[PDB]
Amino acid sequence: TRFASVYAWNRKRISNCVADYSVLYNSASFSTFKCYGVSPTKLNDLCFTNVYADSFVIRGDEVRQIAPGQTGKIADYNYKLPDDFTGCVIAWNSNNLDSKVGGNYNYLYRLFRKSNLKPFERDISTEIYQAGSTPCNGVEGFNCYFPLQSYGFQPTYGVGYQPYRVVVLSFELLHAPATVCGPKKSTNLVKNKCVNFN
Amino acid sequence: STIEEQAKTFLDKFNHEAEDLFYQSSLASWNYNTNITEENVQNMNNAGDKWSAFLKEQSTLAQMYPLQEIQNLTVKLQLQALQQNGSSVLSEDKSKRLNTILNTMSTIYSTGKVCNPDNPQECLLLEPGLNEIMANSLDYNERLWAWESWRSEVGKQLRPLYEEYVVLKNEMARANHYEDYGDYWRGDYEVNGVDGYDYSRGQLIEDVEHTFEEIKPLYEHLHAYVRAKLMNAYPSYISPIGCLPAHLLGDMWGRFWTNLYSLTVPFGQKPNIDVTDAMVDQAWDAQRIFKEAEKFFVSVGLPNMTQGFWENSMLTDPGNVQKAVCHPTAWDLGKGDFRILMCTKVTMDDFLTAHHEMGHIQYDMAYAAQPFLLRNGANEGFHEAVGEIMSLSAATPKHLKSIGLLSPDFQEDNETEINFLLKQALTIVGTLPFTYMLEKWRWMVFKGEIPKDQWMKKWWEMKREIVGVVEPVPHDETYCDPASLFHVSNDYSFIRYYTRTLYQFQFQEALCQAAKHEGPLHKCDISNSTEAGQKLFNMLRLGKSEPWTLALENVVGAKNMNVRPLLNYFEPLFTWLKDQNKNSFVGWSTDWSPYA
Ligand SMILES: *[C@@H]1O[C@H](CO)[C@@H](O)[C@H](O)[C@H]1NC(C)=O
């Protein structure tokens, strides 16, 4: 029903289950499935230990910023994607659940930061950003700005200004007693014939 | 601390709110225009007041920035608009009076009431009413009477307010480091950027007179032709000694000569090109008008319409109580949203209007990626030219035959084209002498080189000199004729209609050169040519990010304001006009009048 904000994204840890990378690739309601790493059809071949899921709610054509080695305002100080990305990014249209008539200002994004974010780091603390040598010493003043600004969402913004929920999946390729796997085979059975059994 | 870097934060925080605030403002305006009801009048007022209160907050802080050391030419230009002092430089008791006079002028200008003296209960208004009297009639004792009645009861009350308004506006302009109020209207035709592309406000005043003398023989020929045609119908009232009278142009002010086309037709045997019944016979609705005409924008390579325009914007059929304004408008609401407000019908004129409106929409979409402070053209004289390029190059017989609306057996002759060349000539170059008149008049009166008494005497002595309009009835200094104009009382500049003519034909000829078209210019089209879609696109997307002088290099050969195509487009017109005034004298003397 609801997803975490782009400045403070959720972190879902998935392990100890059968991975099904078949319906995800087969659904037609996925505006973006391009991803870098292993083949999207070879996913049900490797076995991993941990799977990480990150959820974002961003605005339209901005979704191209999420890539291994792209700069901007979401991939620089809001969510830094590692250069050696080993997961996949899925984005679909969410104009029917994220847009409200009159504006939906409940999705805040950070706009001010003093340094570029390292891969997989969170800055949830909200403090007024100082630009120069003028501390506010109060509630609001000059050289005082709030990093968090709420997104505007209405059902009619065209194409490039519509909300587009994004899910990023990170697979770790460490050497360990991996458990996360997928359905291997369901081949039929024959009797009384010299065969190779596995 | 640092001053150059910190401004980036301010301009990145201001425009984020400006974009969406203007978005709700545009949406409220569209709702009010679509729904004529008291239930939608408070919201638009509230949105306008909120936006006005927000604009002042973000413009007051943009004076502490020393806009003489910032390196980049983009942020400096962006902050220059925020640095404008506006009208908040006067005293509050003075600003209140100036605003009251400005509102009173507009309110009174729409309260024209003149009753017929013999039937004192019958007044007529500037709207339908007195307008119809001079628009289509065949009489001489009534057209002058309507002119006199209109110009003798509206000026006597606008003059006292305008007298103080001019002085107060000049005083307000003085506070912005300008010599007069003319600099406040010439401020957009000025660039101080890249070397070799620089411009000055003092250059346009001498450049406006050096482009009008080269088209004066054409106006002399057209005036001689129309005077000769009027001598063939009207009785012995017009004289070859002087020139054409005042109340026979076809309008109250004489801006357009469209009402004289029927009276001044060379040959009446051949009718005009009409295809309205051609569309009606095939049962074309207004949606097919928008669908069959958008395809002309596709063959040239221009991008397609975004989804939502065909759903949000109303196309036609107001019908029932759901009344809407029928004024043709194109709205760029922001956030990627575009709409059209038009009561489209089955008309070739409506076809041209639809082309004009979606041309405005295309031009608005061209620079959609520019920042909010740069979501406009380099200058304001580009929108109309962009809208009218396709209006001009969309009525050619080849274009209509390609769609499949006329039979392929059409046999146009020379006279079929002479009337089409004359109909556009009577409209285009028929208003140019009235623009250089009013605009130069306002510029000189705002300069103040003339005293208070010598105000109206110069207007009539210069109107006869250039345009050639004699006084039909004598008027004294207390009369105020030009105050009975739309762009004289609402503080509207009257220079946007003069460079538009040059821009239209410059762009048309420039696009026709690299389009494989040989021969005349009136039968040139850019349809089915992607080569005409690449040269134009390099300038449409620039918006206000680049100066207009620089922008006039990638589409046209030269940047200078030289009126070449007008002496080339109407070449058959001149060739036919130089053979008709063989024995008739061409010119006028500023001494003959109907009354003396
Ligand atoms: C528009 O006006 C009509 C009455 O003309 C009114 O019933 C309606 O509430 C108004 N607003 C909308 C959105 O239709």
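Residues numbered from 1 in each chain as written, not as in the entry; some residues may be left out. Chains lettered and ligands numbered in written order. Part of a larger assembly, values for the part shown. Heavy atoms only, no water.

J.: So what's going on with helix 4 (residues 92-109) of chain B? Which residues, and what values?
T.: Three- or four-residue spacings in an α-helix give side chains the same orientation, since the helix completes a turn every 3.6 residues. Residue and element names in this part refer to chain B. For helix 4, with 18 residues, the first-to-last C-alpha span of 26 Å sits near the 26 Å given by 1.5 Å per residue. Taken together, the buried positions of helix 4 are occupied by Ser95, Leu98, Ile101, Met105 and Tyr109. Around the axis of helix 4, the buried residues are gathered within 125 degrees of arc, so they sit on the same side. The outward face of helix 4, more than 90 degrees from its buried face, is lined by the exposed residues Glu92, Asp93, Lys96 and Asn103. Buried residues along helix 4 sit against helix 7 (155-174) and helix 21 (486-489). (Helix = DSSP H or I, 4+ residues; strand = E, 2+ residues; numbered from the N terminus. Expected span 1.5 Å × (residues − 1). Buried < 20%, exposed > 50% of the residue type's maximum accessible area, 1.4 Å probe, protein only. Arc of directions from axis to C-beta. Contact = heavy atoms within 4.5 Å.)

J.: Any details on a nonpolar patch on the surface? Residues and values, ideally.
T.: Residues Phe142(A), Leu61(B) and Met64(B) make up a contiguous nonpolar surface patch of about 260 Å² in total accessible area. Mapped onto the elements of the fold, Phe142(A) is located in the loop between strand 5 (129-130) and strand 6 (144-145). (Patch = residues over 30% accessible without salt bridge, like charges linked within 9 Å, V, L, I, M, F, W, Y side chains within 5 Å. Areas by Shrake-Rupley, 256 points an atom, 1.4 Å probe, with all protein chains shown as cover. Salt bridge = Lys/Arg side-chain N within 4 Å of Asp/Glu carboxyl O.)

J.: Please provide a residue-by-residue account of the pattern of salt bridges, values included.
T.: This model, assessed by the stated rule, comprises 19 salt bridges over all chains. Here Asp98(A) and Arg165(A) are joined by a salt bridge, their closest N and O atoms 2.7 Å apart. Residue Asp98(A) is found in the loop between strand 3 (87-91) and strand 4 (108-110), and its partner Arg165(A) is found in strand 8 (residues 163-171); the two are separated by 67 residues along the sequence. The exposure classification of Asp98(A) matches that of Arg165(A), with both residues buried. The salt bridge involving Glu164(B) is made with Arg97(B); its shortest N-O contact spans 2.4 Å. Here the residue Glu164(B) occupies a position in helix 7, and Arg97(B) occupies one in helix 4, the gap between them amounting to 67 residues. The class for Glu164(B) is partly exposed, based on a relative accessible area of 31%. Via salt bridges that share partners, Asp183(B), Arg186(B), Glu190(B) and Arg201(B) belong to a single interconnected network.

J.: Talk me through the site of the ligand; I want residue IDs and the actual numbers.
T.: Residues and elements named next belong to chain B. For the ligand, the full set of nearby residues is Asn35, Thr37, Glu39 and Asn40. Interatomic distance of 2.4 Å between a side-chain N/O atom of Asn35 and an oxygen atom of the ligand. Here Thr37 contributes a side-chain N or O atom positioned 3.1 Å from an oxygen atom of the ligand. Here the ligand, which alone exposes 360 Å², has 42% of that area covered by the protein. Classifying every residue of the shell around the ligand gives no nonpolar, 3 polar and 1 charged. (Near = heavy atom within 4 Å. Polar contact = N/O pair within 3.5 Å; in protein donor to acceptor, adjacent residues only side chain to side chain. Nonpolar A, V, L, I, M, F, W, Y, C, P; charged D, E, K, R; others polar.)

Read these as spatial facts, not as claims about activity.
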